[PDB]
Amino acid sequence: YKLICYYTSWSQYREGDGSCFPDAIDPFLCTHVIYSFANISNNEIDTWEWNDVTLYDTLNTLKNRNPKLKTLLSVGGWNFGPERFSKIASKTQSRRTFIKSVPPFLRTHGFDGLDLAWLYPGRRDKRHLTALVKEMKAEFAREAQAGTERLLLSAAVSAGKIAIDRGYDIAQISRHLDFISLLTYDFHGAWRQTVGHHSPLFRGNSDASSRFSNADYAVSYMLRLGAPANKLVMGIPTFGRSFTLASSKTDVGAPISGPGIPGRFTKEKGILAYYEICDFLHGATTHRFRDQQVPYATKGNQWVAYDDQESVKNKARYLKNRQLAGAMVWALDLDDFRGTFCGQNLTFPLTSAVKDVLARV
């Protein structure tokens, strides 16, 4: 069982305790840690924050306390134009230049692999996406000839039926990717105004349309398109999505006027870190969609959908019963990394819960 964990580079800037560096990571918690978002310039992989070289180095030293740890660097992300990616993949000339530029870069900074986070391929990208992966892996097999351990190659994929049908050739890229991470937590549309859970586990007996929006369906679909169970990694949120109610209605279906208010440390509308949700929970009413098996809390005119220890152990068991390769946790830095915000003196509550379940059988 794999436990891929993402560490986001821009979490250093957060004020107070909110600040997180490679430093705070438990060497023995995850199996793969993915440093989040490198850039591309002149069709060549490159750093993003000025001190990426120092943090790169800082993270890669964890491999000194734990030999078996493996780290990878991710390319793209949400603040990286889709188009920008799409331009590089279409022109074989500019694509080969990018591919040729990765090995070196990783070997120098100490990573054991690359992670592609092209955030959403369009109908016109599917063919090139397949080209990019295919060729990139060929490059990695060829470079292992130099007598060093072959670099890994993976990818962050959407879990939206429509998104997959539109831009991914799952059967084709499944064979060159070392492992695939399903973004099973972006389900409730950024578009419409209705309270809903972004990462539901199950269909949920009460609501006909868009059953395609839950981890279970996303997973069953990928297996059908051709992805091997031994390459799928299911995504698990370590954050919550907030909304500002537009009425005293709190139950499934209630009106919304927009995202929720900012977090004191997170400072971003609509999102809250797990440690912020821990402080928010005080004096809030909790609820739990029994059909989907996922939380939600309300307080004042704020309605928050999130994941606790139990909702997370649940997804972990599911993951196991379908025999998937493992779990993926988005943001170690959104988890209670210090462990001084959520009751129990434990550190990394959620990611640990996933790990305990994974080490069972």
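Note that residue numbering begins at 1 and tracks the sequence as displayed. So that the term is clear: the rigid core is the largest set of C-alpha atoms that superpose within 1.5 Å between two forms.
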Which segment is farther from the shown form on average in 8 other deposited structures of this protein after a rigid core fit, 92 to 100 or 203 to 211, going by CA atoms? 203 to 211
Segment of higher mean CA temperature factor, 194 to 202 or 173 to 181: 194 to 202
Check the entry's C-alpha temperature factors for 67 to 75 and 277 to 285, then say which stretch has the higher mean. 277 to 285
Top residue by Cα temperature factor, when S154, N230, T108, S247 are compared in the entry: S247
Criterion, highest CA B-factor; candidates, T47, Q323, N42, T58: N42
How does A353 rank on Cα B-factor within its chain, lowest, middle or highest third? lowest
Would you please rank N214 by its C-alpha temperature factor against the other modelled residues of its chain and give the third it falls in: lowest, middle or highest? middle
Place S90 in the lowest, middle or highest third of its chain's C-alpha B-factors, as listed in the PDB entry. highest
Temperature factor at the Cα of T130, chain-ranked in thirds, falls in the lowest
Third assignment of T31 from its chain's C-alpha B-factors: lowest
